[PDB]
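Trainee: Below is upload_32.pdb; it holds PDB, C-alpha atoms.
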ATOM      1  CA  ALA S   1       9.241   0.294  16.953  1.00  0.00           C
ATOM      2  CA  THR S   2      10.444  -3.213  16.009  1.00  0.00           C
ATOM      3  CA  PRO S   3      10.075  -4.714  12.483  1.00  0.00           C
ATOM      4  CA  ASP S   4       7.601  -7.272  13.872  1.00  0.00           C
ATOM      5  CA  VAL S   5       4.044  -6.337  14.904  1.00  0.00           C
ATOM      6  CA  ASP S   6       3.316  -5.113  18.445  1.00  0.00           C
ATOM      7  CA  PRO S   7       0.225  -6.704  20.136  1.00  0.00           C
ATOM      8  CA  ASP S   8      -1.686  -3.399  20.426  1.00  0.00           C
ATOM      9  CA  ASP S   9      -0.986  -2.342  16.817  1.00  0.00           C
ATOM     10  CA  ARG S  10      -3.971  -2.074  14.458  1.00  0.00           C
ATOM     11  CA  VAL S  11      -3.745  -2.546  10.682  1.00  0.00           C
ATOM     12  CA  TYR S  12      -6.089  -1.108   8.039  1.00  0.00           C
ATOM     13  CA  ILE S  13      -6.636  -0.971   4.314  1.00  0.00           C
ATOM     14  CA  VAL S  14      -6.669   2.712   3.337  1.00  0.00           C
ATOM     15  CA  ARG S  15      -8.085   4.428   0.257  1.00  0.00           C
ATOM     16  CA  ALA S  16      -6.706   7.680  -1.185  1.00  0.00           C
ATOM     17  CA  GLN S  17      -8.805   9.100  -4.030  1.00  0.00           C
ATOM     18  CA  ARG S  18      -6.519  10.919  -6.469  1.00  0.00           C
ATOM     19  CA  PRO S  19      -7.837  12.740  -9.611  1.00  0.00           C
ATOM     20  CA  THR S  20      -7.249  10.086 -12.277  1.00  0.00           C
ATOM     21  CA  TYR S  21      -7.168   6.958 -10.070  1.00  0.00           C
ATOM     22  CA  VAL S  22      -7.474   5.575  -6.524  1.00  0.00           C
ATOM     23  CA  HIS S  23      -4.429   4.845  -4.349  1.00  0.00           C
ATOM     24  CA  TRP S  24      -4.823   1.666  -2.276  1.00  0.00           C
ATOM     25  CA  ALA S  25      -2.409   0.960   0.596  1.00  0.00           C
ATOM     26  CA  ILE S  26      -2.024  -0.890   3.905  1.00  0.00           C
ATOM     27  CA  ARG S  27      -1.341   1.077   7.105  1.00  0.00           C
ATOM     28  CA  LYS S  28      -0.300   0.038  10.624  1.00  0.00           C
ATOM     29  CA  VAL S  29      -1.210   2.431  13.456  1.00  0.00           C
ATOM     30  CA  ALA S  30       0.474   2.122  16.867  1.00  0.00           C
ATOM     31  CA  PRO S  31      -0.880   3.039  20.363  1.00  0.00           C
ATOM     32  CA  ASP S  32       1.020   6.349  20.492  1.00  0.00           C
ATOM     33  CA  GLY S  33      -0.543   7.380  17.158  1.00  0.00           C
ATOM     34  CA  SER S  34       2.452   6.882  14.836  1.00  0.00           C
ATOM     35  CA  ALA S  35       1.680   5.148  11.535  1.00  0.00           C
ATOM     36  CA  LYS S  36       3.532   3.322   8.762  1.00  0.00           C
ATOM     37  CA  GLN S  37       2.073   2.646   5.307  1.00  0.00           C
ATOM     38  CA  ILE S  38       3.067   0.323   2.443  1.00  0.00           C
ATOM     39  CA  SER S  39       1.959   0.323  -1.197  1.00  0.00           C
ATOM     40  CA  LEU S  40       3.495   0.632  -4.682  1.00  0.00           C
ATOM     41  CA  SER S  41       5.959   3.395  -5.533  1.00  0.00           C
ATOM     42  CA  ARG S  42       8.284   3.640  -8.551  1.00  0.00           C
ATOM     43  CA  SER S  43      11.963   4.090  -9.345  1.00  0.00           C
ATOM     44  CA  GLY S  44      12.090   5.424 -12.900  1.00  0.00           C
ATOM     45  CA  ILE S  45       9.426   3.466 -14.806  1.00  0.00           C
ATOM     46  CA  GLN S  46       9.898   0.431 -12.529  1.00  0.00           C
ATOM     47  CA  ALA S  47       7.234  -0.053  -9.843  1.00  0.00           C
ATOM     48  CA  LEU S  48       8.203  -1.634  -6.515  1.00  0.00           C
ATOM     49  CA  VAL S  49       6.769  -2.250  -3.042  1.00  0.00           C
ATOM     50  CA  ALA S  50       7.806   0.558  -0.684  1.00  0.00           C
ATOM     51  CA  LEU S  51       6.967   2.451   2.503  1.00  0.00           C
ATOM     52  CA  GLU S  52       5.210   5.804   2.088  1.00  0.00           C
ATOM     53  CA  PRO S  53       3.840   8.652   4.294  1.00  0.00           C
ATOM     54  CA  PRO S  54       0.321   7.878   5.689  1.00  0.00           C
ATOM     55  CA  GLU S  55      -2.352   9.027   3.231  1.00  0.00           C
ATOM     56  CA  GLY S  56      -6.039   8.367   2.522  1.00  0.00           C
ATOM     57  CA  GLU S  57      -9.022   7.298   4.623  1.00  0.00           C
ATOM     58  CA  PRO S  58      -9.506   3.979   6.527  1.00  0.00           C
ATOM     59  CA  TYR S  59     -11.386   1.564   4.244  1.00  0.00           C
ATOM     60  CA  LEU S  60     -11.424  -1.668   6.265  1.00  0.00           C
ATOM     61  CA  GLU S  61      -9.652  -2.942   9.396  1.00  0.00           C
ATOM     62  CA  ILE S  62      -7.824  -6.276   9.126  1.00  0.00           C
ATOM     63  CA  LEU S  63      -5.845  -8.651  11.355  1.00  0.00           C
ATOM     64  CA  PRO S  64      -2.325  -7.358  12.249  1.00  0.00           C
ATOM     65  CA  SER S  65      -0.497 -10.402  10.824  1.00  0.00           C
ATOM     66  CA  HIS S  66      -1.408  -9.090   7.344  1.00  0.00           C
ATOM     67  CA  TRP S  67       1.142  -6.298   7.884  1.00  0.00           C
ATOM     68  CA  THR S  68       3.987  -8.828   8.029  1.00  0.00           C
ATOM     69  CA  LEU S  69       3.112 -10.113   4.539  1.00  0.00           C
ATOM     70  CA  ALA S  70       3.353  -6.586   3.091  1.00  0.00           C
ATOM     71  CA  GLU S  71       6.518  -5.900   5.093  1.00  0.00           C
ATOM     72  CA  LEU S  72       8.163  -9.034   3.644  1.00  0.00           C
ATOM     73  CA  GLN S  73       7.541  -7.798   0.074  1.00  0.00           C
ATOM     74  CA  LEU S  74       9.343  -4.465   0.627  1.00  0.00           C
ATOM     75  CA  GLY S  75      11.739  -4.108  -2.312  1.00  0.00           C
ATOM     76  CA  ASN S  76       9.947  -6.566  -4.615  1.00  0.00           C
ATOM     77  CA  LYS S  77       9.674  -5.284  -8.187  1.00  0.00           C
ATOM     78  CA  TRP S  78       6.167  -5.023  -9.629  1.00  0.00           C
ATOM     79  CA  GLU S  79       4.833  -5.395 -13.186  1.00  0.00           C
ATOM     80  CA  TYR S  80       2.498  -2.384 -13.178  1.00  0.00           C
ATOM     81  CA  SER S  81      -0.470  -2.560 -15.573  1.00  0.00           C
ATOM     82  CA  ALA S  82      -4.246  -2.098 -15.864  1.00  0.00           C
ATOM     83  CA  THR S  83      -4.722  -5.637 -14.504  1.00  0.00           C
ATOM     84  CA  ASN S  84      -1.899  -5.396 -11.938  1.00  0.00           C
ATOM     85  CA  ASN S  85      -1.713  -2.255  -9.783  1.00  0.00           C
ATOM     86  CA  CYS S  86      -2.257  -0.901  -6.235  1.00  0.00           C
ATOM     87  CA  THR S  87      -5.564  -2.786  -6.014  1.00  0.00           C
ATOM     88  CA  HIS S  88      -3.950  -6.149  -6.773  1.00  0.00           C
ATOM     89  CA  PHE S  89      -1.090  -5.570  -4.321  1.00  0.00           C
ATOM     90  CA  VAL S  90      -3.508  -5.110  -1.408  1.00  0.00           C
ATOM     91  CA  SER S  91      -5.913  -7.867  -2.533  1.00  0.00           C
ATOM     92  CA  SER S  92      -3.132 -10.482  -2.627  1.00  0.00           C
ATOM     93  CA  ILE S  93      -2.044  -9.468   0.893  1.00  0.00           C
ATOM     94  CA  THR S  94      -5.396  -8.998   2.632  1.00  0.00           C
ATOM     95  CA  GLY S  95      -7.519 -11.407   0.582  1.00  0.00           C
ATOM     96  CA  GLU S  96     -10.346  -8.850   0.427  1.00  0.00           C
ATOM     97  CA  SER S  97     -11.988  -8.056  -2.925  1.00  0.00           C
ATOM     98  CA  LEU S  98     -11.221  -4.478  -3.999  1.00  0.00           C
ATOM     99  CA  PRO S  99     -12.640  -2.773  -7.150  1.00  0.00           C
ATOM    100  CA  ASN S 100     -10.026  -2.292  -9.892  1.00  0.00           C
ATOM    101  CA  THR S 101      -9.769   1.504  -9.625  1.00  0.00           C
ATOM    102  CA  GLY S 102      -6.022   1.653  -8.950  1.00  0.00           C
ATOM    103  CA  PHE S 103      -4.765   2.390 -12.482  1.00  0.00           C
ATOM    104  CA  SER S 104      -4.641   5.758 -14.269  1.00  0.00           C
ATOM    105  CA  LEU S 105      -5.410   5.598 -18.006  1.00  0.00           C
ATOM    106  CA  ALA S 106      -3.837   9.039 -18.511  1.00  0.00           C
ATOM    107  CA  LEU S 107      -0.721   8.832 -16.315  1.00  0.00           C
ATOM    108  CA  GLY S 108      -0.095   5.064 -16.192  1.00  0.00           C
ATOM    109  CA  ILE S 109       3.144   4.357 -14.299  1.00  0.00           C
ATOM    110  CA  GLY S 110       3.507   8.142 -13.862  1.00  0.00           C
ATOM    111  CA  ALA S 111       0.695   7.957 -11.275  1.00  0.00           C
ATOM    112  CA  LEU S 112       3.022   6.318  -8.729  1.00  0.00           C
ATOM    113  CA  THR S 113       5.245   8.437  -6.479  1.00  0.00           C
ATOM    114  CA  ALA S 114       9.024   8.380  -6.995  1.00  0.00           C
ATOM    115  CA  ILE S 115      10.859   6.713  -4.087  1.00  0.00           C
ATOM    116  CA  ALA S 116      13.287   8.772  -1.986  1.00  0.00           C
ATOM    117  CA  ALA S 117      16.955   8.402  -2.964  1.00  0.00           C
ATOM    118  CA  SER S 118      20.055   7.743  -0.834  1.00  0.00           C
ATOM    119  CA  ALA S 119      20.522   9.978   2.227  1.00  0.00           C
ATOM    120  CA  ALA S 120      24.257  10.141   1.442  1.00  0.00           C
TER
END
Written as structure tokens, that's how I'd like the structure from this file.
Mentor:
Amino acid sequence: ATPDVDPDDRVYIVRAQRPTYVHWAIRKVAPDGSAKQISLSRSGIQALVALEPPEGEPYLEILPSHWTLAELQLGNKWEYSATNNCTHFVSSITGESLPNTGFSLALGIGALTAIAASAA
């Protein structure tokens, strides 16, 4: 509903195994069942923090206030690399140690989804 977190909202780390790498993200589920999810997408070859459709399986539940941190980084540009990827985005937010499985050796930046363009 609002930008800020509702008291009954629950936030999770989620894990989406793709062929060549693992997609890490943070999801907020509401009482009615609706969900939002934030991770790294790309525009061209430039990675950035962006909303995305819910995807992957709940990995660990975390305190809701973690969502706000991820929400505040929406739009931030990201230096995508082997040592700086989906894993590192979620680790910096949550402060939980994730295994570095969030980079594709074959696809690289091409692993990330292309962000949706202007509605106009």
Trainee: Let me make sure I understand: among S:46, S:104, S:116, S:90, which one has the smallest atom-to-atom distance to residue S:19 if we use only C-alpha atoms?
Mentor: S:104
Trainee: Take atom CA of residue S:9 and atom CA of residue S:87 and report the distance between them in Å, one decimal.
Mentor: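 Atom CA of residue S:9 sits 23.3 Å away from atom CA of residue S:87.
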Trainee: Residues picked by the PyMOL selection byres ((chain S and resi 1) around 12) here, as a ChimeraX atom specification?
Mentor: /S:2-7,9,28-32,34-36
Trainee: As an exercise, work out the distance from atom CA of residue S:11 to atom CA of residue S:107 in Å and give it to one decimal place.
Mentor: 29.5 Å
Trainee: Quick one: of S:94, S:43, S:118, S:81, who's nearest to residue S:25, counting all atoms listed in the file?
Mentor: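 Checking each candidate against residue S:25, we get S:94 as the closest.
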Trainee: Using only C-alpha atoms, which protein or nucleic acid residues come within 12 Å of residue S:66? Drop anything in the same chain fewer than 4 positions from it, and give the result as an MDAnalysis selection string.
Mentor: chainID S and resid 4:5 9:13 26:28 38 61:62 70:73 90:96
Trainee: Provide the atom CA of residue S:57 to atom CA of residue S:16 distance in Å, to one decimal place.
Mentor: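 Between atom CA of residue S:57 and atom CA of residue S:16 the gap is 6.3 Å.
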Trainee: Which centre and which edge lengths, in Å to one decimal, describe the axis-aligned box that holds all listed atoms of stretch 17-29 of chain S after 3 Å is added on each side, as AutoDock Vina command-line options?
Mentor:
--center_x -4.6 --center_y 5.9 --center_z 0.6 --size_x 14.5 --size_y 19.6 --size_z 31.7
Trainee: Excluding same-chain residues fewer than 4 positions from residue S:108, what lies within 12 Å of it counting all atoms listed in the file, as a VMD selection string?
Mentor: chain S and resid 20 to 21 42 45 to 47 79 to 86 102 to 104 112 to 113
Trainee: Compare S:119, S:74, S:69, S:14 by their minimum atom-to-atom distance to residue S:55, counting only C-alpha atoms, and give me the closest one.
Mentor: S:14
Trainee: Point out the residue among S:44, S:15, S:60, S:97 with the least atom-to-atom distance to residue S:117, counting all atoms listed in the file.
Mentor: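 Answer, going by the shortest atom-to-atom distance: S:44.
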Trainee: Kindly indicate which residue among S:105, S:99, S:58, S:75 lies nearest to residue S:40, using all atoms listed in the file for the distances.
Mentor: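 The shortest atom-to-atom distance to residue S:40 comes from S:75.
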Trainee: Would you fill out stretch 11-45 of chain S with N, CA and C atoms and return it as a PDB file, keeping the file's coordinate frame?
Mentor:
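Full text of result.pdb as output:
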ATOM      1  N   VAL S  11      -4.083  -2.636  12.093  1.00  0.00           N
ATOM      2  CA  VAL S  11      -3.745  -2.546  10.682  1.00  0.00           C
ATOM      3  C   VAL S  11      -5.028  -2.323   9.884  1.00  0.00           C
ATOM      4  N   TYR S  12      -4.944  -1.459   8.864  1.00  0.00           N
ATOM      5  CA  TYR S  12      -6.089  -1.108   8.039  1.00  0.00           C
ATOM      6  C   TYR S  12      -5.702  -1.150   6.564  1.00  0.00           C
ATOM      7  N   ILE S  13      -6.697  -1.392   5.703  1.00  0.00           N
ATOM      8  CA  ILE S  13      -6.636  -0.971   4.314  1.00  0.00           C
ATOM      9  C   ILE S  13      -7.046   0.497   4.277  1.00  0.00           C
ATOM     10  N   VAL S  14      -6.342   1.301   3.474  1.00  0.00           N
ATOM     11  CA  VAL S  14      -6.669   2.712   3.337  1.00  0.00           C
ATOM     12  C   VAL S  14      -6.847   3.038   1.858  1.00  0.00           C
ATOM     13  N   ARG S  15      -7.702   4.034   1.601  1.00  0.00           N
ATOM     14  CA  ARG S  15      -8.085   4.428   0.257  1.00  0.00           C
ATOM     15  C   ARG S  15      -7.828   5.923   0.108  1.00  0.00           C
ATOM     16  N   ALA S  16      -7.010   6.289  -0.888  1.00  0.00           N
ATOM     17  CA  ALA S  16      -6.706   7.680  -1.185  1.00  0.00           C
ATOM     18  C   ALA S  16      -7.142   7.999  -2.613  1.00  0.00           C
ATOM     19  N   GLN S  17      -8.297   8.665  -2.740  1.00  0.00           N
ATOM     20  CA  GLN S  17      -8.805   9.100  -4.030  1.00  0.00           C
ATOM     21  C   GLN S  17      -7.893  10.197  -4.572  1.00  0.00           C
ATOM     22  N   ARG S  18      -7.255   9.917  -5.714  1.00  0.00           N
ATOM     23  CA  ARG S  18      -6.519  10.919  -6.469  1.00  0.00           C
ATOM     24  C   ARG S  18      -7.356  11.266  -7.702  1.00  0.00           C
ATOM     25  N   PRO S  19      -7.000  12.309  -8.486  1.00  0.00           N
ATOM     26  CA  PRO S  19      -7.837  12.740  -9.611  1.00  0.00           C
ATOM     27  C   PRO S  19      -8.168  11.655 -10.634  1.00  0.00           C
ATOM     28  N   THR S  20      -7.131  10.972 -11.129  1.00  0.00           N
ATOM     29  CA  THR S  20      -7.249  10.086 -12.277  1.00  0.00           C
ATOM     30  C   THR S  20      -7.340   8.618 -11.855  1.00  0.00           C
ATOM     31  N   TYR S  21      -7.113   8.324 -10.565  1.00  0.00           N
ATOM     32  CA  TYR S  21      -7.168   6.958 -10.070  1.00  0.00           C
ATOM     33  C   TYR S  21      -7.292   6.954  -8.547  1.00  0.00           C
ATOM     34  N   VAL S  22      -7.350   5.748  -7.964  1.00  0.00           N
ATOM     35  CA  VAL S  22      -7.474   5.575  -6.524  1.00  0.00           C
ATOM     36  C   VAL S  22      -6.230   4.863  -6.004  1.00  0.00           C
ATOM     37  N   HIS S  23      -5.609   5.433  -4.963  1.00  0.00           N
ATOM     38  CA  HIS S  23      -4.429   4.845  -4.349  1.00  0.00           C
ATOM     39  C   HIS S  23      -4.798   3.960  -3.160  1.00  0.00           C
ATOM     40  N   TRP S  24      -4.601   2.644  -3.329  1.00  0.00           N
ATOM     41  CA  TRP S  24      -4.823   1.666  -2.276  1.00  0.00           C
ATOM     42  C   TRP S  24      -3.510   1.387  -1.548  1.00  0.00           C
ATOM     43  N   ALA S  25      -3.587   1.205  -0.224  1.00  0.00           N
ATOM     44  CA  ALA S  25      -2.409   0.960   0.596  1.00  0.00           C
ATOM     45  C   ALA S  25      -2.810   0.233   1.876  1.00  0.00           C
ATOM     46  N   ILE S  26      -1.808  -0.260   2.611  1.00  0.00           N
ATOM     47  CA  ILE S  26      -2.024  -0.890   3.905  1.00  0.00           C
ATOM     48  C   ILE S  26      -1.237  -0.109   4.957  1.00  0.00           C
ATOM     49  N   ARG S  27      -1.912   0.240   6.061  1.00  0.00           N
ATOM     50  CA  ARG S  27      -1.341   1.077   7.105  1.00  0.00           C
ATOM     51  C   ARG S  27      -1.374   0.332   8.437  1.00  0.00           C
ATOM     52  N   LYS S  28      -0.333   0.534   9.256  1.00  0.00           N
ATOM     53  CA  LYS S  28      -0.300   0.038  10.624  1.00  0.00           C
ATOM     54  C   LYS S  28      -0.187   1.221  11.581  1.00  0.00           C
ATOM     55  N   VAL S  29      -1.184   1.366  12.465  1.00  0.00           N
ATOM     56  CA  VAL S  29      -1.210   2.431  13.456  1.00  0.00           C
ATOM     57  C   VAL S  29      -0.844   1.843  14.818  1.00  0.00           C
ATOM     58  N   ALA S  30       0.002   2.565  15.563  1.00  0.00           N
ATOM     59  CA  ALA S  30       0.474   2.122  16.867  1.00  0.00           C
ATOM     60  C   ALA S  30      -0.301   2.843  17.970  1.00  0.00           C
ATOM     61  N   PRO S  31      -0.160   2.416  19.249  1.00  0.00           N
ATOM     62  CA  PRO S  31      -0.880   3.039  20.363  1.00  0.00           C
ATOM     63  C   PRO S  31      -0.619   4.533  20.548  1.00  0.00           C
ATOM     64  N   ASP S  32       0.618   4.968  20.269  1.00  0.00           N
ATOM     65  CA  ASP S  32       1.020   6.349  20.492  1.00  0.00           C
ATOM     66  C   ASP S  32       0.503   7.248  19.368  1.00  0.00           C
ATOM     67  N   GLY S  33       0.084   6.646  18.246  1.00  0.00           N
ATOM     68  CA  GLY S  33      -0.543   7.380  17.158  1.00  0.00           C
ATOM     69  C   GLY S  33       0.284   7.354  15.874  1.00  0.00           C
ATOM     70  N   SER S  34       1.562   6.963  15.984  1.00  0.00           N
ATOM     71  CA  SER S  34       2.452   6.882  14.836  1.00  0.00           C
ATOM     72  C   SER S  34       1.963   5.802  13.874  1.00  0.00           C
ATOM     73  N   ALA S  35       2.193   6.026  12.573  1.00  0.00           N
ATOM     74  CA  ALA S  35       1.680   5.148  11.535  1.00  0.00           C
ATOM     75  C   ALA S  35       2.748   4.897  10.472  1.00  0.00           C
ATOM     76  N   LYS S  36       2.759   3.669   9.942  1.00  0.00           N
ATOM     77  CA  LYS S  36       3.532   3.322   8.762  1.00  0.00           C
ATOM     78  C   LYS S  36       2.558   2.841   7.691  1.00  0.00           C
ATOM     79  N   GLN S  37       2.952   2.968   6.419  1.00  0.00           N
ATOM     80  CA  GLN S  37       2.073   2.646   5.307  1.00  0.00           C
ATOM     81  C   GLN S  37       2.895   2.077   4.154  1.00  0.00           C
ATOM     82  N   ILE S  38       2.397   0.988   3.551  1.00  0.00           N
ATOM     83  CA  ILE S  38       3.067   0.323   2.443  1.00  0.00           C
ATOM     84  C   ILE S  38       2.117   0.250   1.250  1.00  0.00           C
ATOM     85  N   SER S  39       2.673   0.484   0.057  1.00  0.00           N
ATOM     86  CA  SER S  39       1.959   0.323  -1.197  1.00  0.00           C
ATOM     87  C   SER S  39       2.977   0.189  -2.329  1.00  0.00           C
ATOM     88  N   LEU S  40       2.597   0.623  -3.537  1.00  0.00           N
ATOM     89  CA  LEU S  40       3.495   0.632  -4.682  1.00  0.00           C
ATOM     90  C   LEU S  40       3.981   2.055  -4.944  1.00  0.00           C
ATOM     91  N   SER S  41       5.310   2.205  -5.009  1.00  0.00           N
ATOM     92  CA  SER S  41       5.959   3.395  -5.533  1.00  0.00           C
ATOM     93  C   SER S  41       6.705   3.002  -6.806  1.00  0.00           C
ATOM     94  N   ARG S  42       7.503   3.925  -7.358  1.00  0.00           N
ATOM     95  CA  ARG S  42       8.284   3.640  -8.551  1.00  0.00           C
ATOM     96  C   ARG S  42       9.700   4.189  -8.397  1.00  0.00           C
ATOM     97  N   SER S  43      10.642   3.541  -9.093  1.00  0.00           N
ATOM     98  CA  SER S  43      11.963   4.090  -9.345  1.00  0.00           C
ATOM     99  C   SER S  43      12.190   4.106 -10.854  1.00  0.00           C
ATOM    100  N   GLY S  44      12.118   5.300 -11.454  1.00  0.00           N
ATOM    101  CA  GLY S  44      12.090   5.424 -12.900  1.00  0.00           C
ATOM    102  C   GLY S  44      10.718   5.043 -13.448  1.00  0.00           C
ATOM    103  N   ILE S  45      10.679   4.013 -14.303  1.00  0.00           N
ATOM    104  CA  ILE S  45       9.426   3.466 -14.806  1.00  0.00           C
ATOM    105  C   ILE S  45       9.187   2.085 -14.196  1.00  0.00           C
TER     106      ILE S  45
END
